[PDB]
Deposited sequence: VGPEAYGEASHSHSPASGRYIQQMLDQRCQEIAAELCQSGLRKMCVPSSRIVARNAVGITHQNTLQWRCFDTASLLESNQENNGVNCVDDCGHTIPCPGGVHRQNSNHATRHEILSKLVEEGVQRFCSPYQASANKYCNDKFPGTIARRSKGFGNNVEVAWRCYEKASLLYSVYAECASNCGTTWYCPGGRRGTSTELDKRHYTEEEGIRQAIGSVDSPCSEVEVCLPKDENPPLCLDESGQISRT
């Protein structure tokens, strides 16, 4: 078991989209009659005129290899660029923004570390749209620091440090490579503010318990060992 996000919200959205595609197939929508491996949930634009980011059930065979990028979701419910792009003319998808958004809201309660939630809130309050990671900055692929990152600048396939539900080291999808692209500039380093945000969270365990973090809330609170 790795100290890493299970990406449980994204897993649930993909499974719900697989059911929805199957239902649409049964209603006669031929292009949706596919194996489950062909269907994922992504947050993205759609075809021409569908210009807002919405949750949609995509046929992967209709996605482009690049980036109209598509976004996946972390276990605190933030949308982050994933591999691929929407074909604005040829996309095969079903927009299902309400059911999928509701599943994200439910998942956040289950899976989002209150320590990470506090860090994210700090960042969004100060720089709207940003989330917290301890990751790379511009043109340096070694140094990490707590920063508020514009979500568009993160890569879902790259794991970066985040706060566990014990306020300890964890890793989450949505990270930086430390490359030198314009996107690599889109962050605000906030070591003191983010650390204070994380430190301000009340423990789920008592002062007489040891917090062992888990990929779902609550963490394990084990009775502290005695002076045996």
Take the full deposited sequence, match it to the modelled residues, and report the stretches without C-alphas.
-> 1-12, 80-82, 244-246
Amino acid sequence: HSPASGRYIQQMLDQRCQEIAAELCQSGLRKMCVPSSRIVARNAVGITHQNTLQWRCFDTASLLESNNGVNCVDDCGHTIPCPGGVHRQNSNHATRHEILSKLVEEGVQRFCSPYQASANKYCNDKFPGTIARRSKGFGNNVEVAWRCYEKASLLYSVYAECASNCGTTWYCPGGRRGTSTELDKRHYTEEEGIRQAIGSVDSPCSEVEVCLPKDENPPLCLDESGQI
From here on, numbers count along this sequence of modelled residues.
Higher-B stretch (mean Cα B-factor, as the entry records it), 79-87 or 138-146 = 79-87
For the stretches 162-170 and 195-203, which has the higher mean C-alpha B-factor as given in the deposited record?
-> 195-203
From 93, 110, 133, 96, the top C-alpha temperature factor is at 110
Out of 175, 35, 69, 28, which residue has the highest Cα temperature factor in the PDB record?
-> 69
Sort the modelled residues of this chain by their C-alpha B factor and say whether residue 42 lands in the lowest, middle or highest third.
-> lowest
Residue 156 - which third its CA temperature factor falls in, relative to the rest of the chain | middle
What third of its chain, lowest, middle or highest, does the C-alpha temperature factor of residue 63 fall into?
-> highest
Residue 186 - which third its CA temperature factor falls in, relative to the rest of the chain | middle
Sort the modelled residues of this chain by their C-alpha B factor and say whether residue 48 lands in the lowest, middle or highest third.
-> highest
